[PDB]
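One chain comes next, on its own, written as structure tokens: the form deposited in one PDB entry.
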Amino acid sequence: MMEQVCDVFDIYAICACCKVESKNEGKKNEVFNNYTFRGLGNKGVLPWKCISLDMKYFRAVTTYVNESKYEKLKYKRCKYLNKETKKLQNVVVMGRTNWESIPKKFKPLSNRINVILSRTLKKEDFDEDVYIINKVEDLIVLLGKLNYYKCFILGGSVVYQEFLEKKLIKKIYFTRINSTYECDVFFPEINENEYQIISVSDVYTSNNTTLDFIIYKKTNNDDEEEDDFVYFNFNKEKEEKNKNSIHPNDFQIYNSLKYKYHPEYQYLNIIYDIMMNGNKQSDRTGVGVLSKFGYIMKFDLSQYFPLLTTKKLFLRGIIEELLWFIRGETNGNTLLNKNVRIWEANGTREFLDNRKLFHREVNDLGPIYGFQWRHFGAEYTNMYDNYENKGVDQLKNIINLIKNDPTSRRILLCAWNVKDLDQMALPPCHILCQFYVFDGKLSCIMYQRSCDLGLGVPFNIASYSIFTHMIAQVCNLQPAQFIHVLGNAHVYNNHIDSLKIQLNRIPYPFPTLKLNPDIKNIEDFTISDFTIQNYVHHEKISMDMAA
């Protein structure tokens, strides 16, 4: 290498970008890409009032130093300048407008060497402990004279534009604010060939927005204990086959990422695991799956709504399904009249006949979820019957227990009624929900005996997440964790190519779910009581690719 200025001087950019108005931004038919998050500023200030978690991120990154790693950095810089060889601090560079946007109580930025770029102002115009430079070149001369750890370009847009076009940035630390505000300055459109995303953080809520932290990297375009690790892996040739192979190069992006901390990676990593280590099994008439047995996902509903972003999902159907369940309905026609076709195939004359339900009316699904939720143990007759005060009203029971016996270890909703399995159109995939209450917070475990990772699971995650919110609210609690246990976890072979596409997509910050807060009984919700805010997602995928 002919060492580059950005690598010698460790020059990084840090920014936060929200989404922008854009003539309503198309409206619902909207395309999303990394350029969706581009809003920097409005009227010489930030577009948002306070996002404290971003502020705390920005301070920790820009203040953090590692003394032991100075030796190697001084040598490199001294070598580069062909030269021989206080508390160590980072340098932070601000345009004059950026500097003027910062309230006085914050500046100069604590535990940091403050640098301001200006032509109009000179050192005589500042009271503060700051360096003025009038030239990008004077910054590089200055880093050559100073003891510092890393150099952070803090914006604004004009400063971002010139440091990027000069190829002076080695990584961009980029906050995605997943909300829309009025903006009049924007971050430069990043060239996907110059910079690639290498890391994605967990998703958080701060001040009524979700947000995450991504890292772009510029492209090329007691030691003793370490050996004991090698020894303990003398037998790792069984997972070194990765039985199925499916080729490395099909996951360049997935495998390129260094930190994969976005909760959507719980889903994508299970799909990777099944693709590389799954067992080949028969399924039905030849169809074919890769299968594994026993996974757990955990989703923090206090921080986000885990609606998958690596493809497009609609929730109207699965919400109409959940309301249908809560009503205790088994009538397929109710959903079909709402153009929800989830249960259509399971209600046909042929499907019911092949289940031996010869005496069952078309779209009479029998004693499935709804009936077990409101009437477990009652004799199923038909889908029109009035089952009032027949069987156990489980739903009512668990709402009572959450409200009056919250430390109970017996708050389960169970759909797997052994007596009734053969009368069901098909037995339930979603066996039981158990609830947990601590400190005014409701968590839900859902055990799923059979899990179609390609099609079913993304919707099942959404269903039980919404359900946790509904139970949390009618019992006066805040939603905490939704915990999803996978028994038979499988990828249909038909889905494999579609999933390969999806695995190489980078998740977006999750949306948020809003419930009408006036709804105080589980029975009183209707479709318009549910709102998904700030859903940023990749393009729709048909998992079939054929029909």
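Rigid core here is just the name for the largest C-alpha set that superposes within 1.5 Å across the two forms. Just count from 1 along the sequence shown to find any residue number. Only residues modelled in both forms are compared.
This protein has a second form, the form deposited in another entry, left out of what is shown; the following refers to that one.
Superpose on the core and compare between this form and the one not shown; which one of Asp129, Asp227, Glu71, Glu165 crosses the 2 Å Cα shift mark?
Just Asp129.
Aligning on the core only, does the CA of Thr285 end up 2 angstroms or more away between this form and the one not shown?
Comparing the forms between this form and the one not shown, which are aligned on their rigid core, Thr285 does shift its C-alpha by 2 Å or more.
Closer or farther: the C-alpha atoms of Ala16 and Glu128 in the other entry, versus the form shown, with a change of 3 angstroms or more?
Relative to the displayed form, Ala16 and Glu128 move farther apart in the other entry - a change of at least 3 Å between their C-alphas.
Between the shown chain and the other structure, the Cα gap of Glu128 to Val45 differs by 3 Å or more. Is it closer or farther in the other entry?
Farther apart, which means the C-alphas of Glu128 and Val45 are at least 3 Å more distant in the other entry.
Pull up the moving segments between this form and the one not shown: at least three consecutive residues, every CA shifted by 2 Å or more, rigid core held fixed.
After superposition, residues 123 to 129, 284 to 286 shift as runs.
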